[PDB]
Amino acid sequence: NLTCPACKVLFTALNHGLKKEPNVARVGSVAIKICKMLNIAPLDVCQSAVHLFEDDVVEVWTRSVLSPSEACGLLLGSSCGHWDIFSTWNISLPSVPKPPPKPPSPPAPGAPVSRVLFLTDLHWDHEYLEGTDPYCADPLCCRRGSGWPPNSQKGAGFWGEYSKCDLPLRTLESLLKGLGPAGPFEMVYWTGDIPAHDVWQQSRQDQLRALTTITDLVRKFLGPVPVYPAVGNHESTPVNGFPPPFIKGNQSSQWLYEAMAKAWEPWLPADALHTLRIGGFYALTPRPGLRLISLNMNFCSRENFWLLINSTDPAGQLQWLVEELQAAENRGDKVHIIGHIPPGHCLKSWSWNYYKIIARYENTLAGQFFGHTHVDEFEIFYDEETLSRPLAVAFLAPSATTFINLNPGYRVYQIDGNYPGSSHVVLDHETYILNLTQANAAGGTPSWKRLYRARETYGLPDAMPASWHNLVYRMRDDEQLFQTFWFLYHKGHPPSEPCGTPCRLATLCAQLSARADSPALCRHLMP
């Protein structure tokens, strides 16, 4: 009734009053008070952190949740406004009828094989310090500010520590030198997450220092080998905050996207840098017959608060994705996709609109590779209508960082080699680790070793989805087999707590949940 305008007026005033930071500072003070009461982190971390966020978090709030149109529609109904914050949305596919489903034929004898190294979640802590308390109250330890191990306890290890601690640069430098046996590689995929988890005290200069430093360190050791990286979530500041392109000004993400451009011009062509400076994604031809696609999965992130304003296909990334897939289908080209956050962890509507595009172009896809989870995992795609036929699989390589309680490690994919008629699909992959227990030991030397090989330990005929599909339900029945998977799940450093059946099924359910908030995919695991 007459309350409808009063709503629109009040929200307008508060939004204006939030232009003035002193009130925002008060509003910020409250968020801190909550931070301590909820024990997200020690108070030292709260104050620093909140001060970073309040400015931008309040901006989106004024532009979205507390916008008069949106808010009034919620309290009073459609009569007075419209509430659409995380409303659902759809993507339109082309008018081309999908060709009959078709799987790749296995490679012929003597066919060349390509090696592709996969690096993700390096997470460099430039403040990392040996001897400091690994058990500190702060969300990140083993550094300056962590203090020192109380009561004659062992401090942070020299190369790293099995705890909430990221890596020292020397351990990262060590990784690059020990790729001899893992190589030679034809190209590399790098799905971001370079900074550490010390978000409560990260200036843009701190962020870009890691970008440049780490980028130069890679290009140096790799040399002529092209590296194709993707955007991670820890790479901007504030973390997870990735304003879509329609946002402009100093609060835009231009500083980051343009900084990446300079650092990566040697690796990428012109048309890819064009789109990268805009939305943090790109595509290009790495070799004849293949088309690589790097996605800015921060436009699917629940954490991206900028999506409150408009969560509907930010940057038109999905529509841009379809353009490329259809083009490759016309050419007959295959496709690999890399991104940081895997689709199973995206926003619901985003994830579903993605699932369907996979289903449509199952024949075009030759690979999907992701990270962010820091553990060794995968996710299988099925036909949309029935979720019965597996049609694609994504690989969730484990992180390089120890964060948390992990052995460092990276991933290497053996794929169909560079030759005409290549399917460009994965044939096998290998995982290498660093056994810190032995490296940080007295008189110990860093030694990278192959933890295992895929088809070897799991005895698979191929790396196609069906093989993995069978693999999942197999482990549901056999206990000892999962205990092995559990071991490799943690890069050779599993937890102490045994994984009970509920832990097991939870883990296994995730392997099928390539789509968010859909219990039907875990129907077969428990009746």
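Throughout, we count residues from 1 along the sequence that is shown.
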| item | value |
| --- | --- |
| At least a third of the other entries leave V231 unmodelled | no |
| Missing-residue flag, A359, threshold a third of other entries | no |
| Selected stretch [higher average CA B-factor]: 333 to 341 or 74 to 82 | 74 to 82 |
| Residue stretch of maximal mean CA temperature factor, 228 to 236 vs 145 to 153 | 145 to 153 |
| Of the residues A466, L43, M475, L488, the one carrying the largest Cα B-factor as recorded | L43 |
| Ranked against its chain, the third holding the CA B-factor of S518 | middle |
| B-factor third for the C-alpha atom of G28 within its chain | highest |
| Modelled-residue ranking by C-alpha temperature factor, third containing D428 | middle |
| Chain-relative CA temperature factor third for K262 | highest |
| Chain-relative CA temperature factor third for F403 | middle |
